[PDB]
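Note on naming: letters A, B, ... go to the chains in the order of the sequence lines (proteins, then strands), and numbering restarts at 1 for each one. Worth knowing before you read on, the calculation uses all heavy atoms, side chains too, and leaves out hydrogens, waters and symmetry mates.
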2 protein chains.
Amino acid sequence: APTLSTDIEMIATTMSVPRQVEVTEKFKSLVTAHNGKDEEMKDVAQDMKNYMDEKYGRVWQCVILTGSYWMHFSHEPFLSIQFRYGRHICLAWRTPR
Amino acid sequence: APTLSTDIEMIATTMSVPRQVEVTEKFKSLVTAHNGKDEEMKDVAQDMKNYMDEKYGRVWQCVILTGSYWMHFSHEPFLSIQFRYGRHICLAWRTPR
Ligand SMILES: [Cl-]
Ligand SMILES: [Cl-]
Ligand SMILES: [Cl-]
Ligand SMILES: [Cl-]
Ligand SMILES: [Hg+2]
Ligand SMILES: [Hg+2]
């Protein structure tokens with residue numbers, strides 16, 4: 001404890017459990033504040049990106065999605081997190097500057 | 001001409017039509033070479049990323065997805081392209097280094 005909540009499925013991350021908990025709990029609070037509406041998920045992606053820049057340094061990208069996904073950023077190591085909360089998959093990783 | 005093919009839906013891009021055509025035609029050839037299988041879309045994302053680094057400079061990220069999506073990278077301008085071919089949405093944008 002603090003422990004990863006039971007309604008998050010961690011898919012892949014190079015971040016520690018304390019960071020996983022802050023990131024996922026923040027995402028859940030944002031989605032809840034926006035009543036889970038897809039129509040407002042852009043605000044959520046933006047507020048997640050700003051939260052992460054502030055807290056863990058720039059530059060973050062945030063992708064929220066439904067369905068499946070396949071990605072490539074870099075074979076070299078970089079700060080990253082991928083998880084599922086309900087219907088929404090959340091991707092976030094940090095790039096230079 | 002070269003013109004954007006009728007089976008691509010451009011969703012948003014800051015790249016010119018010549019670049020749009022090369023990127024989308026390359027994506028279509030890769031998906032066709034992999035028989036459209038979701039199970040191999042990781043190879044496609046990787047080969048798209050390498051094609052784009054080579055052709056337009058580093059560093060590219062590539063996300064292929066089904067379903068909906070909402071993202072944020074940067075309010076500042078950066079090289080980007082988003083489009084749909086059949087069931088697959090393809091996102092790609094360039095970050096520093
Ligand atoms: Cl993020
Ligand atoms: Cl990868
Ligand atoms: Cl790409
Ligand atoms: Cl945005
Ligand atoms: Hg995110
Ligand atoms: Hg792509």
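- Closest heavy-atom contact between B/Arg94 and B/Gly57: NE-O, 3.6 Å.
- Of all heavy-atom pairs spanning B/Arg84 and B/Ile11, the tightest one is N-CD1, 4.1 Å.
- Taken to the nearest 0.5 Å, the CD1 atom of A/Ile64 stands 11.5 Å off from the CZ atom of A/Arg87.
- Residues B/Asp47 and B/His34 have side chains in contact (heavy-atom distance under 4.5 Å, counting atoms from C-beta outward).
- A/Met15 approaches A/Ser80 most closely through the heavy-atom pair CG-O, 3.5 Å.
- Counting heavy atoms from C-beta on, the side chains of B/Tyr69 and A/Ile89 never come closer than 4.5 Å.
- Within the 3.5 Å criterion, the main-chain N or O of A/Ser68 finds a donor-acceptor partner in the side chain of B/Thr66.
- For the ring-ring contact (aromatic ring centres under 6.0 Å, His included) test, residues two or more places apart in sequence or in another chain that qualify with A/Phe27 are A/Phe83.
- Here the side chains of A/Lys26 and A/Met48 are in contact, with some heavy-atom distance below 4.5 Å.
- You'll find the side chain of B/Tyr56 reaches within 4.5 Å of the side chain of B/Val23, heavy atoms only.
- A/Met52 and A/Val44 fall within a single hydrophobic cluster, where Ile, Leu, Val, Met, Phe, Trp and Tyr are joined by side-chain heavy atoms under 4.5 Å apart, directly or via other members.
- Ring geometry, B/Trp93 versus B/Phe73: the interplanar angle falls from 30° to 60°, so the pair is classed tilted.
- A donor and an acceptor atom, one from each side chain of A/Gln20 and A/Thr13, are nowhere located under 3.5 Å apart.
- A search for side-chain contact (heavy atoms from CB on, under 4.5 Å) contacts involving A/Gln46 returns A/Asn50, B/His72, B/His75, not counting sequence neighbours.
- Residue B/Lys42 places its NZ atom among 12 or fewer non-hydrogen atoms of other residues, nucleotides or ligands, all under 6.0 Å distant.
- Annotation: the span from B/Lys28 atom NZ to B/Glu25 atom CD amounts to 4.0 Å, rounded to 0.5 Å.
- No donor-acceptor contact under 3.5 angstrom links the side chains of B/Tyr85 and B/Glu9, judged on distance only.
- Within the 4.5 Å cutoff, the side chain of B/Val31 has heavy atoms near those of the B/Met41 side chain.
- Here B/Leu65 contributes atom CG and B/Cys90 contributes atom SG; the two are 8.5 Å apart, rounded to the nearest 0.5 Å.
- B/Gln61 is listed as a side-chain neighbour of B/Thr95, based on a closest heavy-atom distance under 4.5 Å.
- Within the model, atoms CG of A/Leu30 and CG of A/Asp43 stand 9.5 Å from one another, a figure rounded to the nearest 0.5 Å.
- The hydrophobic cluster containing A/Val17 also includes A/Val21, under a criterion of side-chain heavy atoms closer than 4.5 Å among ILVMFWY residues, counted directly or through chains of members.
- For the pair B/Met10 and B/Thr24, the minimum side-chain heavy-atom distance is below 4.5 Å.
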**OP:** Start with the C-alpha gap between B/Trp70 and A/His88, add the side-chain angles, then the distance that decides, and say whether side-chain contact (heavy atoms from CB on, under 4.5 Å) holds.
**Re:** CA-CA 10 Å; B/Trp70 305 269; A/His88 299 109; 4.1 Å; yes
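- Residues B/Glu22 and B/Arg19 are not paired through a salt bridge, judged by the lack of any N-O separation under 4.0 Å between the basic side chain and the carboxylate.
- Note: B/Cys62 SG to B/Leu91 CG = 7.5 Å, rounded to the nearest 0.5 Å.
- Between B/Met71 atom CE and A/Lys49 atom NZ the span is 10.0 Å, to the nearest 0.5 Å.
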